[PDB]
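So this first bit is one chain, no partners, the form deposited in one PDB entry, shown in structure tokens.
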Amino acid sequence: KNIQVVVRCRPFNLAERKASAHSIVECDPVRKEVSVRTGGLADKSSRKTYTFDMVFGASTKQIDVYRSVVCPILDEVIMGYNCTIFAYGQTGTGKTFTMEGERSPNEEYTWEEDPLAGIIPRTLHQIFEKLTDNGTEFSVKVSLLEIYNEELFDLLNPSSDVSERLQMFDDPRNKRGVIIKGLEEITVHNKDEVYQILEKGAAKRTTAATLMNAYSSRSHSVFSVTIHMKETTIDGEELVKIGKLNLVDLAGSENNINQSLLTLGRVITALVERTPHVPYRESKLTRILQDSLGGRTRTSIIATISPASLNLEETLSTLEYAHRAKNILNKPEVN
């Protein structure tokens, strides 16, 4: 069963508009196609076109990505599957905007109604909504694990400084599993605990960016939500579901050495070509997320692109990479 791949183009910023930039990207949501102008001036051109599971043009709003991509995944998480969503693309294209979003300016909104909110805050908000009173008892735990230069950092441990690296071990009770020693899991007890947890992470990040060169563009971040669920039948028996969701904001795909990024692409290549050795163990990212790449987790990729002709080569590079990734076969199953 193919993983899901979608594409999102960012809108032009002030600078580009001021320059009367014209888009080289066309997304047709009916055909589910992205089409890129690769040459030719006005009245005759070359184009490259690619079909994906969905396509989101530059005017697409957060709410629409959330309804289309995330809603059905969260439903699956709530059924007790593990899911992963990746954001993939060059720096500046909207990976973080998609996975996190931002605040609407001038304190126009509370966080729960901000139309610029992204996947993470909307998902956490929605979990409490969907499970308010349906007879499922539940707890929600989050962790935020980052990988930079092949070291692991915990962005939510409030009593460790950002300099302290975690260690990873194989998890003996699990072929596909690792243990991250020391990784804080924070219980989010209700919707009114969410925002401040997101705040503490962001502050812990600022610090990281100060210590580590080009941190925000070279790091991979894995924001995990684990939902432990318990139903009681009419006969008093207990039904347990556990769902895990990984929300991954990857390092920029552009262009010193990102071992985890290089390995991710080599993992995809091995999977699509069906070669029997898949090099998961060659990087921390791919050991942690091994079950997401041709294993038992339902995976989606959101590949983010630019409308600007300056970014032509990296745009094509992302589309090609994303398009190949569609042939990855996963076998989701209940926990």
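In this text, the rigid core denotes the largest set of C-alpha atoms whose superposition between the two forms falls within 1.5 Å. So that there is no doubt, residue numbering starts at 1 and follows the sequence shown.
J.: At least a third of the other compared entries lacking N149?
T.: In all of the other entries, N149 has coordinates.
J.: Check whether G236 goes without coordinates in at least a third of the other compared PDB entries of this protein that model residues on both sides of it.
T.: Per the records, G236 goes unmodelled in at least a third of the other entries.
J.: Would you class the number of unmodelled deposited residues between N255 and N256 as none, 1 to 3, 4 to 9, or 10 or more?
T.: Gap between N255 and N256: 10 or more residues without coordinates.
J.: Quick one: say whether 109 to 117 or 237 to 245 has the higher mean Cα B-factor in the deposited entry.
T.: Per the deposited B-factors, the answer is 237 to 245.
J.: Using only the Cα atoms and their B-factors as the entry lists them, report which of 325 to 333 and 2 to 10 averages higher.
T.: It is 325 to 333.
J.: In terms of recorded Cα temperature factor, pick the maximum from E100, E151, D161, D75.
T.: It is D161.
J.: According to the deposited entry, which of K284, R266, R296, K61 has the largest Cα B-factor?
T.: When the deposited C-alpha B-factors of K284, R266, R296, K61 are compared, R296 is largest.
J.: By its CA B factor, does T38 count among the lowest, middle or highest third of the modelled residues in the chain?
T.: Its C-alpha B-factor belongs to the highest third of this chain's values.
J.: Which third, lowest, middle or highest, does the C-alpha temperature factor of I180 belong to within its own chain?
T.: Its C-alpha B-factor, which the entry lists for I180, ranks in the highest third among residues of this chain.
J.: Among the chain's modelled residues, which third holds the C-alpha B-factor of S46?
T.: Highest third, going by the recorded CA B-factors of the chain.
J.: How does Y215 rank on Cα B-factor within its chain, lowest, middle or highest third?
T.: Lowest third - that is where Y215 ends up once the chain's C-alpha B-factors are sorted.
J.: Against its chain's modelled residues, does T84's Cα B factor rank lowest, middle or highest third?
T.: For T84, whose C-alpha B-factor we compare with every modelled residue in the chain, the answer is the lowest third.
Beyond the structure shown, there is the form deposited in another entry, which is absent from this document and is the topic of what follows.
J.: Considering only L198, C71, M229, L183, which residue exhibits a C-alpha shift of no less than 2 Å between this form and the one not shown, with the rigid core used for superposition?
T.: Everything else stays below 2 Å; the exception is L198.
J.: Does superposing the core leave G265 with a CA shift of 2 Å or more between this form and the one not shown?
T.: Comparing the forms between this form and the one not shown, which are aligned on their rigid core, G265 does shift its C-alpha by 2 Å or more.
J.: For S59, decide whether the Cα shift between this form and the one not shown is 2 Å or greater, given a superposition on the rigid core.
T.: Shift of 2 Å or more: no.
J.: Superposing on the rigid core, I want to see if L293 changes position between this form and the one not shown - specifically a Cα shift of 2 Å or more.
T.: Comparing forms between this form and the one not shown, the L293 CA shifts at least 2 Å.
J.: Work out whether the Cα atoms of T210 and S306 come closer together or move farther apart in that other deposited form than they are in this form, the change being 3 angstroms or more.
T.: It is closer: the C-alpha separation of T210 and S306 falls by at least 3 Å in that other deposited form.
J.: Do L152 and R205 have their C-alpha atoms closer or farther apart in that other deposited form than here, with the shift being 3 angstroms or more?
T.: Farther, not closer.
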